[PDB]
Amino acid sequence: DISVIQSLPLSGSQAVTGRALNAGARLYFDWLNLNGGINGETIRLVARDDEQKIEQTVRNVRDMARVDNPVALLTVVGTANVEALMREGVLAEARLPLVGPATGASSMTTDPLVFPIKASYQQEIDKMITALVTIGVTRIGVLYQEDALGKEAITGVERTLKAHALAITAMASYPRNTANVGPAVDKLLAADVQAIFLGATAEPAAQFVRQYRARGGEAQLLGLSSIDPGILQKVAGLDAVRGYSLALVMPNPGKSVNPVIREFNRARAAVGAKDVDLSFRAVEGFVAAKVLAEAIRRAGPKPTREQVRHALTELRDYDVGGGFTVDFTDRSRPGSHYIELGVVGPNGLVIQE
C-alpha cells in the first residue's frame, strides 16, 4: 500500500480539533479506496495521538517516518508543534513533505518540506481587523495563547492596526494545551473594548466566549480559523456566539451545494462513516488529503517520498472542487489564495460576506 501519516491531538484540550482533521482525512482516503484507490493502489492512513505536546509530535513523526514507510505527513496541529518539526529537522531527516499543516502561521511558508494550503493567519487578521477599523472600531482587545500561536496573533494584529495609526487596547493570555481562561476573562471584561480578537484554539476560545458573555461582556467577537465556529457555538452556546465574525479559508460546510461539501457528504454516506460529522476542520482534513492524493497520483506507480514531493511542488491550480484551487509552484505563499469573511447568524448558520 501507499502510506500517509498524521500526528495530531486525539486526546486532551485539542482532541476535538485533532479528531476532526483525522476524521476528514480518513474519510477522504476511505472514499478514494472505495473508488479504486490511486493507480490501483490502496492508501493507508496511519495516525498517532500527540496530545498536542510539542516533543510528542516530534517523536511521533520520526517514529512513523521510519516504521510506516509514508510518502507524506498530513495536517499537524499547533504552530509550536510544526515549528518544532521544522526547527529540529525531523522533516528534513525523513525527507517527508508535510501537506496542509493545520496552522496558518507565517512560518509555514519558510520550509521546503512544508506545504501550507489555507490562507494564512496574517491574511485573516488583515481582512478582519481592517473591516473593523473601516466601520469605526478603535478599541480592540486580544485573547492570545501563551506560545507561538499567541505571538502570531499579537504581532499580526499590531501590524495591521499600526497601518491605521492604532494599537491594541488590551491583551490577555492563557496557557497552551489548556482552557484556563479565567484570568483572561477578568482582564478583558474590565477593558473598555469594542471588539475582542481570539488568537486561540477551540476549547479556550469557547470557554472565554461563554464566560465573557455570561458576565456581561458586549464586545464584538472574532477569531482565527483555528476556531471552528461549529464547535464554538456548540460548546459556548449560541446565545454567546451569534454574531461571531470569522475569515473563511475553506469551503463552507453551511453551503451544502458547494462541490467539496457535496463530495464530503457523498463520501460520508458511501463509506458509512456515521461517526464523522461535517465541520470546518473535518473539511480541512478532507481537502488536505485530496490535495495529497492528487500529488500521489501524479507521482506514478509505487511512488517514492521524493516523487511525491516533486509532484507537490508542481501542482499549479489543482481544483479540489468548486474553484478551490491549490498552487504550490510559488513556495513563498499558501497553496490556496481563497479567503472571505463570514459571520455566525442568529440561529448558528455561517454566512459568507
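When you see a residue number, it is the position in the sequence shown, counting from 1.
Asker: So 343 to 351 or 4 to 12, which one's hotter by mean CA B-factor in the entry?
Answerer: Looking at the recorded C-alpha B-factors, 343 to 351 comes out higher on average.
Asker: Taking only the CA atoms, which stretch has the higher mean B-factor in the record, 100 to 108 or 185 to 193?
Answerer: Per the deposited B-factors, the answer is 185 to 193.
Asker: Tell me which of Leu278, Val249, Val114, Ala270 tops the list for C-alpha B factor in the record.
Answerer: That would be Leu278.
Asker: Please work out which residue in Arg95, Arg139, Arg262, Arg215 has the highest C-alpha B-factor recorded for this crystal structure.
Answerer: Of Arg95, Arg139, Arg262, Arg215, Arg215 has the highest C-alpha B-factor.
Asker: Taking only the Cα B-factors deposited for this chain, tell me whether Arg309 sits in the lowest, middle or highest third.
Answerer: Answer is middle: the recorded C-alpha B-factor places it there.
Asker: For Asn22, does the deposited CA B-factor place it in the lowest, middle or highest third of the chain?
Answerer: Lowest third.
Asker: Could you tell me which third, lowest, middle or highest, the C-alpha B-factor of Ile54 occupies within its chain?
Answerer: Its C-alpha B-factor, which the entry lists for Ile54, ranks in the middle third among residues of this chain.
Asker: Based on the entry's values, in what third of the chain does the Cα temperature factor of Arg266 lie: lowest, middle or highest?
Answerer: Ranked within chain, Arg266 CA B lands in the lowest tercile.
Asker: Using only modelled residues of the chain, where does the Cα B factor of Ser173 rank: lowest third, middle third or highest third?
Answerer: As the PDB entry reports it, the C-alpha B-factor of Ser173 lands in the middle third of its chain.
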